[PDB]
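# Structural overview
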Amino acid sequence: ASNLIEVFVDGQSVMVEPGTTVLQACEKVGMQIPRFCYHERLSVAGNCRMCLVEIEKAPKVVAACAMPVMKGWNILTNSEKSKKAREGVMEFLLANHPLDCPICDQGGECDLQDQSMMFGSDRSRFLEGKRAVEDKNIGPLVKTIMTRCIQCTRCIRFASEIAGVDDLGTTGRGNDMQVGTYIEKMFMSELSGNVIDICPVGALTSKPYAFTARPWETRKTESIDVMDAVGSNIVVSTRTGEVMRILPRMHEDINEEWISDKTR
Amino acid sequence: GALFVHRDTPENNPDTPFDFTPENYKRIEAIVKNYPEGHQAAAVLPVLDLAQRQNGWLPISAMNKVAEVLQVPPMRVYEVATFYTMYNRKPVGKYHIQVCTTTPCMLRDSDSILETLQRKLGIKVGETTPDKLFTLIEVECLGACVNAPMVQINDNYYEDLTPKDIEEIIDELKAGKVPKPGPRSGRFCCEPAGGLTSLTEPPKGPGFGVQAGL
Amino acid sequence: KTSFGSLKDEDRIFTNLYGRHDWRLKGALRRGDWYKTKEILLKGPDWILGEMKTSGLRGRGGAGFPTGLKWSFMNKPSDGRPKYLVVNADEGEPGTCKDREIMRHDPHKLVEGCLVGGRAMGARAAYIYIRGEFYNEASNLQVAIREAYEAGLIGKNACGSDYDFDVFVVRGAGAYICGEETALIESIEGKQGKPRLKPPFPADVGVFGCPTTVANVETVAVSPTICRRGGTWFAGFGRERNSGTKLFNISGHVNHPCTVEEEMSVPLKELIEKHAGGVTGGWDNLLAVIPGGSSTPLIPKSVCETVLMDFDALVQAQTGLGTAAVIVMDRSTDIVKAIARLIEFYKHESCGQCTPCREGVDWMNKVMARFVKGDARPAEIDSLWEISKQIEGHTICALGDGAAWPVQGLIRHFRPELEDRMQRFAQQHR
Amino acid sequence: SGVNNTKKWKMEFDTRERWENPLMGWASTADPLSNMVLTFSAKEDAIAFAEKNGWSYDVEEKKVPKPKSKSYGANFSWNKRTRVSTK
Amino acid sequence: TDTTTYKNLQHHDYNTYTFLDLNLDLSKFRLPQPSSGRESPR
Ligand SMILES: Cc1cc2nc3c(=O)[nH]c(=O)nc-3n(C[C@H](O)[C@H](O)[C@H](O)COP(=O)(O)O)c2cc1C
Ligand code: SF4
Ligand code: SF4
Ligand code: SF4
Ligand code: FES
Ligand code: FES
Ligand SMILES: [K+]
């Protein structure tokens, strides 16, 4: 065990490298910690607070997406504290999330809905009025309904790091902090449908794909893109014998998790 | 009240004439030299504050000018300008009265101060007088709580206020004089009223109570 | 010692708290600043860290973490990077004015403390992040820094000790969250005042990605007096593990609201009735006290009868010693309105980076407004308690904790007042 | 972002013709093995089933995500390019 | 040795450029800054 440290997930021992996060150790064991702001190809943000898990003999839950395992830690992923933290965080998200699910392109593809059903509570205590945010016009490709945005900064981190445009960001403070562009700026670079991919809520949707189909009815066909000579692995989403969508496939040696705008 | 979405208007399009004076360029150079090399993006806040102090408010042309001077993204400049509350993204009056309404000032009755300002200026909170001389807003704790109630006019703190005192300050500002900062209740600073409970004796001086071996 | 208080003026550290003497270099030299500091710097970092540890000084910023250990976190050889000391002059927290007073009246104490702490940790520069609303305080600080630079106490020869140190002053732009450690570091770095997670700690990755230490103005300013007079004297003042002097800002419903310097472990009743002139209307007219700024919860008169002003004493009183901001509320106080105003302050000053603080503090503000109006049903009291408990401990920084605590204190103590308001509203509509 | 659907091996069939109904425009088909998807716990189990049922097979290996070095402190570097300009 | 009068009156005659003018005056007294090896993080 040279340059390896032993940690425990639910009592199960596992060797990890130094610098390995709690979430990375948990997925090495085989459990996927809930997440909204963590993306394995984006920088670590640590703001959605959904990856809060309880370490044994530790009074405060830690964020698995950012905290590295130290030594001999027993990560109680399915503990009462972790379940209560997940329930509270989903309650806080859905307090101001808008009731837009039937009119949402993220129908069955919603990480927020699925993680609600899997970890959150089944009812609301929010008796107040929800906030509403005006929409933006960043281009004819990405349709923005920013009321659904949960401010996870995934699009901002993607545009800063991979697209390399530094055009998106958060303007304001507190509950009024809005993701977008401060000026009327048209966000059109290449590799710009991947914000539609990585937006977990249906805030950034595809405008050609707008109101067309549903993920449960779309059939998935794993094919190759021919628009350039990179050969990106893709999924053609076809419903009733008609090509409805193009999505990327995870291939670490060709295109990672993304496809070009022309391809998409 | 304010909206963190820019709308192109003839008075706030990205073509309004803004440029730093040579003195302000020297000040910007001093700030950048204060910060370490390769981290000149840290100078966004002082340069934006200098632009606000030069121009009054902060137009989008001034914000883009700050961005192009510091070689930083204009969206990063917009993020700073929308996050921080002392940056005026709309034109304000000559005197920007900020009345603190946090809990100890409320206990010491800043509500009467706010009501007397509203009746004296003929305006509500958050709006500007038609002569563009006074803007009146509510703010959080300004850091002078033992001198409650208190207001901030531009860079000056007017403390220990009464309705008569704030009316006199408004009259002095309308006449064009300097009302002079500090408390108006007769005490010079945060000291207890009606005498000193501490620091009555003179200070001991240098080399008092120094431990051995120093 | 078993009874604490009655601090002597020969032992008070901030001898020019009230501004009755000259705040410039001549007045500071008369009052005893910059004395034998070259000898202190020559005795070097380990001796100063040991002096701070044996003084047992805790952070005046809020948390109170042991200053000696916190400053000894940077007692490491350099890895090719510079090391920085940062001074938190924000003073955003309500009820607090002590940092403003000592910046505008004893600035050379702050500069000497920056030099002493920077040498004790190993550092080339101290960045004083001042609150943007303190323009005159910042200008006075720059005047004092220019005086020190002209006198040669700072810059390229730290009082002739062959140590290089630079003291910069950087102004904020109106954010209470920029008083936080990591958000202050980000604000200096030029982004928004959004706190960053720990780990990494600022002692490893801090301002511009260097080892750095953010320290309070009061802590920094009492550091060189601790070094000159020894840690044993400072530890002899105060109780065990809560040692030294403290600046208390007494405001609210008192006859003489003021900032005073008092020994730690002083009774709250003794402090108010001695320095503040007592509660307006009397101690029987006193209703509640928020003893450590708005982050700490309230305590009613019954426990204010015999409570002390220690960290441990307020922890036993289910509160904390924050910025030593004693806000006093009498029987005429609308207690629910005061707590809702505090929650509205936290709603306006939350940076919105992380979901529990953002959404839940907005939720608590709305629920507290409806509680002030009486517009709810009494199960919402327990609902608000559960919401506050969900916020507390799940946030990036401690602003979520400092917003959940006043709600918890109000629900814990003044629950029949809430229920009476709510049933009165229900009966006057139905 | 969930990975629970990437745990089990699947066998599907090649896509056949889907045309348009002249009456309603529905997707009409002529092959029965269009919705046939079979679940297996192992690639070798799928191989055995395919060879047992006599179908010609194309097999592609499990694409696992590569382990990544994630460091929150990289966002605030002194000299590396990993320092972010926003949060 | 006076103790009965306020002595912060120097903050009364401060203009809107006093802080930055003092910073510009102070710029000549400071040490050279460290370099990160890059002109910007880009
Ligand atoms: C929301 C928030 C605001 C804070 N504001 C201040 C402030 O204005 N001044 C301050 O000295 N500390 C403030 N603090 C506490 C800092 O964490 C602390 O002062 C800093 O870490 C220095 O530690 P010290 O107390 O040992 O000096 C704040 C903390 C939080 C969570
Ligand atoms: S993003 Fe998800 S939770 Fe929100 S409206 Fe759409 S489907 Fe519903
Ligand atoms: S638009 Fe989507 S990806 Fe961007 S911060 Fe909001 S929820 Fe996250
Ligand atoms: S707790 Fe509040 S103030 Fe602190 S990081 Fe989260 S949103 Fe910002
Ligand atoms: S996934 Fe870790 S806080 Fe968002
Ligand atoms: S509460 Fe008003 S100045 Fe602090
Ligand atoms: K999406």
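About the cut-offs
- Residues numbered from 1 in each chain as written, not as in the entry; some residues may be left out.
- Chains lettered and ligands numbered in written order.
- Part of a larger assembly, values for the part shown.
- Heavy atoms only, no water.
- UniProt positions renumbered as here; feature names shortened; annotations may be inferred.
- Contact = heavy atoms within 4.5 Å.
- Buried area = accessible area lost by both parts, 1.4 Å probe.
- Salt bridge = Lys/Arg side-chain N within 4 Å of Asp/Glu carboxyl O.
- Polar contact = N/O pair within 3.5 Å; in protein donor to acceptor, adjacent residues only side chain to side chain.
- Helix = DSSP H or I, 4+ residues; strand = E, 2+ residues; numbered from the N terminus.
- Nonpolar A, V, L, I, M, F, W, Y, C, P; charged D, E, K, R; others polar.
- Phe/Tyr/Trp six-rings, centres within 6.5 Å; stacked < 30°, edge-to-face > 60°.
- Buried < 20%, exposed > 50% of the residue type's maximum accessible area, 1.4 Å probe, protein only.
- Core = buried A, V, L, I, M, F, W, Y, C linked by side-chain atoms within 4.5 Å.
- Donors = N, O, S within 2.8 Å, 3.2 Å for Na, K, Ca; no water.
- Pairing = 2+ DSSP bridges.
- Near = heavy atom within 4 Å.
- Domains from an automatic or database assignment.
- Axes fitted to C-alpha atoms, helices over the stretch in contact; angles between N-to-C directions.
- Parallel < 35°, antiparallel > 145°, perpendicular 65-115°, else oblique.
- Expected span 1.5 Å × (residues − 1).
- Arc of directions from axis to C-beta.
- Left-handed = near helix turned anticlockwise from the far one by under 90°.

- The name the PDB entry gives chain E is NADH dehydrogenase [ubiquinone] flavoprotein 3, mitochondrial, with Mus musculus as the organism.
- As recorded in the PDB, this entry has the title "Open Complex I from murine liver".

- Naming follows the PDB entry, where chain B appears as NADH dehydrogenase [ubiquinone] flavoprotein 2, mitochondrial of Mus musculus.
- Entered under Catalytic activity in the UniProt record, the comment concerning chain B runs "a ubiquinone + NADH + 5 H(+)(in) = a ubiquinol + NAD(+) + 4 H(+)(out)".
- The record held by UniProt for chain B lists under Subcellular location the comment "Mitochondrion inner membrane".

## Re the interface of chain C and chain B
- Taken together, the 87 residues of chain C in the interface contact 63 residues of chain B.
- Buried surface at the junction of chain C and chain B, summed over both partners, amounts to about 6,000 Å²; 60% is from carbon and sulfur atoms.
- Interface area lost by chain C to chain B is led by C:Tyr18, C:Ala173 and C:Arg341, which between them contribute 12%.
- At the junction of chain C and chain B, the tally comes to six salt bridges.
- Where chain C packs against chain B, one counts 28 residue pairs in polar contact.
- Here the side of chain C that touches chain B gets seven residues from one element, more than from any other, and that element is helix 14 (residues 335–349) of chain C.
- Considering only residue class, the side of chain C that touches chain B consists of 35 nonpolar, 25 polar and 27 charged.

## Brief notes about the packing of aromatic side chains
- By the definition in use, this model includes 29 aromatic pairs over all chains.
- With a centroid separation of 5.9 Å and 50° between ring planes, the pair formed by C:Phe65 and C:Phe73 is classed as tilted.
- Judged by its relative accessible area of 40%, C:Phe65 falls in the partly exposed class.
- Judged by its relative accessible area of 44%, C:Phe73 falls in the partly exposed class.
- Arranged with centres 5.9 Å apart and planes meeting at 20°, the rings of C:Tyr149 and E:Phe29 form a pair that is stacked. Of this pair, C:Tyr149 sits in helix 7 (residues 135–151) while E:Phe29 sits in the segment after helix 1 (18–26), each in a different chain.
- Its relative accessible area of 4% is what places C:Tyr149 among the buried residues.

## A closer look at the nonpolar core
- Ranked by internal contacts, the top residues of the largest apolar core, which has 229 residues, are B:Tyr84, C:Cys114, C:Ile272, C:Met364, C:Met368 and C:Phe371.
- With nine residues, helix 14 of chain C is the single largest residue contributor to this core.
- Once residues within four sequence positions are removed from consideration, C:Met364 is found in contact with C:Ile343, C:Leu384, C:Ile387, C:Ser388, C:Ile391, C:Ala403, C:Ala404 and C:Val407.
- Ranked by size, the runner-up nonpolar core spans 34 residues in total, among them A:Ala45, A:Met90, A:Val133 and A:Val142.

## Considering the coordination of the potassium ion (ligand 7)
Residue and element names in this part refer to chain A.
- Only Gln106 (OE1), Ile196 (O), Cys199 (O), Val201 (O) and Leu204 (O) from the protein reach the potassium ion (ligand 7) as donors, at distances of 2.9 to 3.0 Å.
- When the donors of the potassium ion (ligand 7) are listed by position in the chain, the intervening gaps give Q-x89-I-x2-C-x1-V-x2-L. Of this pair, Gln106 sits in the loop between helix 2 (80–96) and helix 3 (111–119) while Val201 sits in the loop between helix 5 (194–198) and strand 9 (204–206), placing them 95 residues apart in sequence. Taken individually, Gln106 and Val201 each receive the classification buried, so the pair is uniform in this respect.

## Some words on the sheet that holds strand 2 (residues 12–16) of chain A
All names here are of chain A.
- Strands sit in the order 2-1-5-3-4 across an open sheet of five strands; the sheet is mixed. Of all strands in the sheet, those bounded by a partner on one side alone are strand 2 and strand 4 (62–63).
- Here strand 3 (residues 52–55) pairs with strand 5 (residues 74–76) via two bridges, running antiparallel. Bridge pairing links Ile55 to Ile75 in strand 5.

## What about the site of ligand 4?
- Taken together, 13 residues lie around ligand 4, and C:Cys351, C:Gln353, C:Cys354, C:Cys357 and C:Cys397 are the ones closest in.
- Per-class residue counts for the shell around ligand 4 are eight nonpolar, five polar and no charged.

## Here we look at the site of ligand 2
- Neighbouring residues of ligand 2: A:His97, A:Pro98, A:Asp100, A:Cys101, A:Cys104, A:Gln106, A:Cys110, A:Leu112, A:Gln113, A:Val201 and A:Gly202.
- When grouped by side-chain class, the residues that make up the shell around ligand 2 number six nonpolar, four polar and one charged.

## Let's talk about the interface of chain A and chain C
- Contacts between chain A and chain C engage 33 residues on the former and 35 residues on the latter.
- Across the chain A to chain C interface the summed buried area is about 2,800 Å²; carbon plus sulfur atoms make up 52%.
- The three residues of chain A that bury the most area against chain C are A:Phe92, A:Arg125 and A:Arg173, which together make up 28% of that side's buried surface.
- Notably, a salt bridge pairs C:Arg370 with A:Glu128, separated by 2.4 Å at the nearest N-O pair.

## Considerations on the domain arrangement of chain B
- Examined at the domain level, chain B breaks down into domain 1 (18–91) and domain 2 (92–197).
- One C-alpha centre belongs to domain 1 of chain B, the other to domain 2 of chain B; they are set 29 Å apart.

## Structural notes on the pattern of salt bridges
Residue and element names in this part refer to chain A.
- On inspection of all chains with the given rule, the structure shows 84 salt bridges over all chains.
- In this structure, the salt-bridge partner of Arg249 is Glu222, at a minimum N-O distance of 3.8 Å. Taken together, the residues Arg249 in the segment after strand 12 (242–248) and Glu222 in strand 10 (residues 219–224) connect sequence positions 27 residues apart.

## As for the sheet that holds strand 4 (residues 156–159) of chain B
Residue and element names in this part refer to chain B.
- Overall, mixed pairing links the five strands, which are arranged 2-1-3-4-5 in an open sheet. The open sheet has two edge strands with one neighbour each: strand 2 (134–139) and strand 5 (182–183).
- As paired elements, strand 4 and strand 5 share two bridges and run parallel to each other. Each bridged residue has a counterpart across the sheet, and for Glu159 the counterpart in strand 5 is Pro183.

## Considering the packing of helix 2 of chain A against helix 16 (residues 379–391) of chain C
- The contact between helix 2 of chain A and helix 16 of chain C brings their axes to 10 Å, and the two run at 110°. In terms of their interaxial angle, helix 2 of chain A and helix 16 of chain C are classed as roughly perpendicular. Along the contact surface, helix 2 of chain A presents A:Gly88, A:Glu91 and A:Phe92, while helix 16 of chain C presents C:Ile387, C:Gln390 and C:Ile391.
- Its residues placed into classes, the contact of helix 2 of chain A with helix 16 of chain C shows three nonpolar, two polar and one charged.

## Here's the deal with helix 7 (residues 163–175) of chain B
Residues and elements named next belong to chain B.
- Between its terminal C-alpha atoms helix 7 stretches 18 Å, which fits the 18 Å expected from 13 residues at 1.5 Å a residue.
- Listing the buried residues of helix 7 in full gives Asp165, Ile166, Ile169, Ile170 and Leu173. End-on view of helix 7: buried residues confined to an arc of 140°, all on one side of the axis.
- At its buried positions, helix 7 is contacted by strand 1 (95–100), helix 6 (110–121), strand 2, strand 3 (151–153) and strand 4.
- The first or second residue beyond helix 7 is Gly176, which carries a positive phi of 100°.

## Some details on the environment of A:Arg249
- On the basis of relative accessible area, A:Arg249 is assigned to the buried category, the value being 15%.
- Sequence-wise, A:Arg249 and A:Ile259 are 10 residues apart; in three dimensions their C-alpha atoms are separated by 8.5 Å.
- When near neighbours in sequence (up to four residues on either side) are disregarded, A:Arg249 contacts A:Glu222, A:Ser223, A:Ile224, A:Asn233, A:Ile234, A:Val235, A:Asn255, A:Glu256 and D:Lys63.
- Within the local environment of A:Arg249, its side chain forms a polar contact with the backbone oxygen of A:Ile234, the two atoms lying 3.0 Å apart.

## Examining the packing of helix 3 (residues 45–55) of chain C against helix 6 (residues 107–121) of chain C
Residues and elements named next belong to chain C.
- With their axes 7 Å apart at the nearest point, helix 3 and helix 6 run at an angle of 110° to one another. Taken as axis vectors, helix 3 and helix 6 run roughly perpendicular relative to one another. Between helix 3 and helix 6 lies a crossing whose hand is left-handed. Residues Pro45, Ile48 and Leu49 of helix 3 pack against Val116, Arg119 and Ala120 of helix 6.
- Of the residues that constitute the contact of helix 3 with helix 6, the class distribution is five nonpolar, no polar and one charged.

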